[PDB]
Structure formats: C-alpha cells, structure tokens
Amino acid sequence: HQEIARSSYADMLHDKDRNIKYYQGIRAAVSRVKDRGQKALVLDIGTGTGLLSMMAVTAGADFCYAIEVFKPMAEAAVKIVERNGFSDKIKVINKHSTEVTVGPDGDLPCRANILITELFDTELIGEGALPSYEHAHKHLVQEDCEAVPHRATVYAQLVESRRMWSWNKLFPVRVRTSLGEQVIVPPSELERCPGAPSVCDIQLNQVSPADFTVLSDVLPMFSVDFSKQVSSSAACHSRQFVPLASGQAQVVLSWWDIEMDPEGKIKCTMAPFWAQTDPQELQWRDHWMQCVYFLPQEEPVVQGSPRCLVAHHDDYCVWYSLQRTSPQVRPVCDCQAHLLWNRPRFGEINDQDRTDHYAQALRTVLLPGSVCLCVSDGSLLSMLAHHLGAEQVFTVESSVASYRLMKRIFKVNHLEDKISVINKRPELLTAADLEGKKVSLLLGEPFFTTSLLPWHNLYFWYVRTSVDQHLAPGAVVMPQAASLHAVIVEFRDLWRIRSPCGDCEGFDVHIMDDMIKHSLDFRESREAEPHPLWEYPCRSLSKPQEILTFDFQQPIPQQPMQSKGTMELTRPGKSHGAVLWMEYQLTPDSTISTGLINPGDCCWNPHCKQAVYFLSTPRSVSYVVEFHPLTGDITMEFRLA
C-alpha cells in the first residue's frame, strides 16, 4: 500500500508543462500519420493512468496498445479509460513491454507506428528506457515510426564545489585540545576512491550559486533518437571544452531534455535556473529533478586550457571522467566509506561548525577519569572524546563493515590503542566488553544508519536503558534529553506530490485520486513522510511548538507517552502540512536542531530529513501524538480545527 501511497503518479498529473508538451507532441505525431492516409496505431509503453493513450485517441488515433507492468495501475487504467469513454480504442495490457508479442496468440495484431513512452527518471535511463526502446524497435513498432518524445539529450556541466564535494570526500576534522589543535585525517584510500557508483539526485535549483563555481559551459554529451533503433549497449562520449575559470574539477552536474517532435519545437527540460534564460519561467516537478555526479578524482583545470569531459553509460547507469591531458567498467567503492555513509551523512560529518558544537558539549561533561561509551553508527565522537581528555573510550559498531572502517580511521590517526570498538548490537554489550569498568559518560549524536524518520534516533535512548547496569553512579548522558517539535507550513510546490488532481487536461482522473486516498488511509493512523526540506521551500503558518520531551538521563518509561494540543495559525496561507523534527539538549546550556534553524521561508538543517505530515486534502491545527516504547514508533494526527 505504501508503494502506491508514495508513488509519483500524483506529481505527474500536476506536472502541467509535462502534460501540455506531451499533448502537443501527440497531436502532431498522430496528425503526421493520418495526413498520409494511414492507420495510426499507438504503442504506449508504461501507460500508468492511461493519460497519453487517451490524448492519442482525441488526436485521431485508430487504436492504442497501452502497456503497464504494475498490476494495480493497469487495473486503474482500465477503469480510467472506461470512465473517459475510450474503451473502444484502448487495450490495456498488464505485462512488461519486453514480454509483449505480435501474433495470432499475441497481445498486438501487428507492429505499431506511433511510439509513446514516459519511461524516464532523473538520470534519463535509470528505469530501463534503453532496453525497453530497444526491444520495442526490434519487435513491436514499424520502421520509420513516429515517436513521442522524438529524442532526448543529456547535458553536463563541470563545477568546483566544496559543499557538494563534501558529500563524497571526508575532509580533515579539526579539534582544539589542551596541547593545541589536533587533526583527524581520512584514510588515504578514501581520498583515492571513485565513490559510490550511483547518482545523487537533488532539486539543484535550491543549491545556492555561492556553493559552486562553474568550470565549463553546459555540454551536450549525447542524444537518444527514439524514432530509430535504440541500443542498450555500453558507450562513451567525449566532449572537448575550454574551462571558463581556473579551479578544482570535482563535480559534474547533469540533466536532460526531451523533444516531442522531429523539428524540436516542443521541448521539456530539466535544466536548472542558471542554465535557462528566465528563472520566472522555471517549471517545478519532483518525479524528475537533476543529477550530481562525482569525478573519480579531483584535479585542477586552467581557464583557457582545453580538456575533454567523458560521459560513460551502460544499459542503466551513467558516470563521468575527465580525459587525461595527454591522454571501461564503472569504478566501485574500495574504501568502505561510500557503502556505509550516504551523501547527506558525509556532508554532516564534514560540517566543522557542527563538530565544534559537539566538541564544546564534550568539554562541559568530560570530568577527570571519564569512562566513555559512544553509541552512534560511524561517529567521530569517540575521537573527540579521546582528544578532549577521556580516560578511556569505548565505541560500538554493529556491522563488520562499519567496525573495520572505524578501526581504519582510528589506525591512520594513531588512535588504535585508545579507542576500543565493540562489534555487537549496542543494547547487548556486556561487562567484559567494557573491561569490567563502569561507564561515567554515555554519549552519541545520536545517529544510526537505518533511521528513516527523525525519532528513529531515539534508539540511543533504548540503548541507554538497556545498558543501565553498566553505568556508574551519577553517570551522565550526552545528549541529556531530546524533544519532538512541529510547525504548520505552506509549501511552495511540494504539496503537489500528494494532492488530488481530479481533472488532467480535460480527462477525469478521480479514480487515480481515490486509489491514492485508499492506500494512505489504509492504516488507522497516517504516517509522516521523510523529506530533505532544504530542497523544498516552505514558510511557517504557526509558531513552532514542542510536542514531546524525552529525558535521556532516565530509562524509557514502559507506558506510551501521549501529547495533545493546538497550534494557532498566526500567518495567512494554506496549511499544507505539519513538519516535525528532533532537537537535542546536549548539555544544560547547549542544544542542536535537526529541523528548523530559523525559529520569509523556513530554513532547515541541510544534513537531516524532516518529517512531513500532510493535512487533509481554518485558523487552528489540533494534534494528538503518541510515542510507543516497545516499538519506538510515534503515531500522530494533525487536523484543522
């Protein structure tokens, strides 16, 4: 049900620019065939709601074969097609297109001559466009067919960016000690690693221009012509360019466009604002955004001195290299780190201001003879604790991979004999794991790799409860407490991904709305969704409010904690959602927020996902929220009152 509830179908239906341009392209394509005195037979691969096939019949198509692999959506399409009056000219086929056949016992009577698809993701080819088009041309469509879109072009732009490069590399981490400044350096293999072999998809329009320096023009790397045989074979494309500035080549930004017609008059583009002529004409969507790729190593370029950028791809994946000045399987992570820390986590560890804030917290609670246990996955806190004068430091790493990575970091920093790594689930550690000692300081960020919602990091509190018997009398916990906070917001655009459409370009899509509604209301309580709100502008309509408080210095209570209240809407706007986040009381006079950092538009901690509870799809919002200690779940309802 959750796959349906949080699918991208609703966003597509609200994507006005997408739907307008497809409709224009489809009318032109169908007319080109009819004007030749020929039968117009449409193959619509990945039909979803059936929208593009319905467009095709209004344009004059004789018949459409609409293919949809996902059974619940194929069933929806059948109903939607019927509601809109097109059942006589559209056959919905619930198969993957590569299983579709032409023949007396087949799905199609003959090859089609108009090929419509919307099989694209942010990387263009990451959801199988190439092998799908390849098979279609081989078996399902005529030579010289019309295609909508007619072609796609992938673009790339080389930049220097400390912020985005910090999602890929570990920078030196500084800490001030009694003896002076200490530095934590990365293992050399991290410095030499090509990184994780996966795109980083983001709303690139929300990255400040101050965060990167453009080093190249926007380069058209390669194009795919959907009207002719498409190949899914590996390929590489080398494009020469003259650097626009001197700097460190680090990051390749990328996006694509599609042309709906042979003449290229009708275009949809994912280019970010600085690569378009007018930011006021920018079109928002979420189902397609932009790409961030990393070069396998950084290196200098010089303004005016030509180089060649190379786009590599296989049947699903794209990656980049900078050709040698003189002068292929995709490289994989050989340093462990990129398999364990995701891109935002890299950025978080590299936030020196954040690190300094934890350092000052530790200075406050690090008493003489402190015996520290550190609990948080892949955390550098154990190293800060040592450098700041802990008598003995233990840390827990519950996976063998993370255990090895942290030991490696400790060893290259000559701390192998100062920090003991315990390879167990933290709640299961033993007296002997602590060498028979009692813990006087239990510390954490808290951060755990598996946490998906902000309150999942309350696992730290669970661990605190489980290891109580290993704590010294008067033991201190850092953070000493945590709290759940909420604010009501109006989203600029994000509301589109969960709002009903009703009518799309004249077609009745209420059945799609009903289907989504049924899935997100399956449970008695609707769940909040995690989103990185630094990528999604919104403004507050209420004051922020503390919802629940958790005293880490004490064990978790065995009864559920419930809170009820009201949040006054103090500013005008549409109440799209309640946004929730965690704050941590590190010490009596130190706090940190993983959500709102300007309690204009909201400003959000860029390292963390916030939780969004969308409201029913009016100047007070009431809430009921409950924390369940057996599971760690938090259930909630927010409603206008």
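The first residue of the shown sequence is 1; numbering continues from there.
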item: Residue 617-residue 618 interval: deposited residues absent from the model; value: 10 or more
item: Unresolved deposited residues in the interval that joins residue 327 and residue 328; value: 4 to 9
item: Between 480-488 and 179-187 (mean CA B-factor, as deposited), the higher; value: 179-187
item: Mean C-alpha temperature factor, higher of 428-436 and 131-139; value: 428-436
item: Largest Cα B-factor, entry values, listed residues 594, 590, 49, 58; value: 590
item: Residue with highest C-alpha B-factor in the PDB entry, from 570, 423, 350, 153; value: 570
item: Chain-relative CA temperature factor third for residue 100; value: lowest
item: Modelled-residue ranking by C-alpha temperature factor, third containing residue 299; value: middle
item: Third of chain Cα B-factors occupied by residue 162; value: middle
item: Record-listed C-alpha B factor of residue 566: chain third; value: highest
item: Modelled-residue ranking by C-alpha temperature factor, third containing residue 284; value: middle
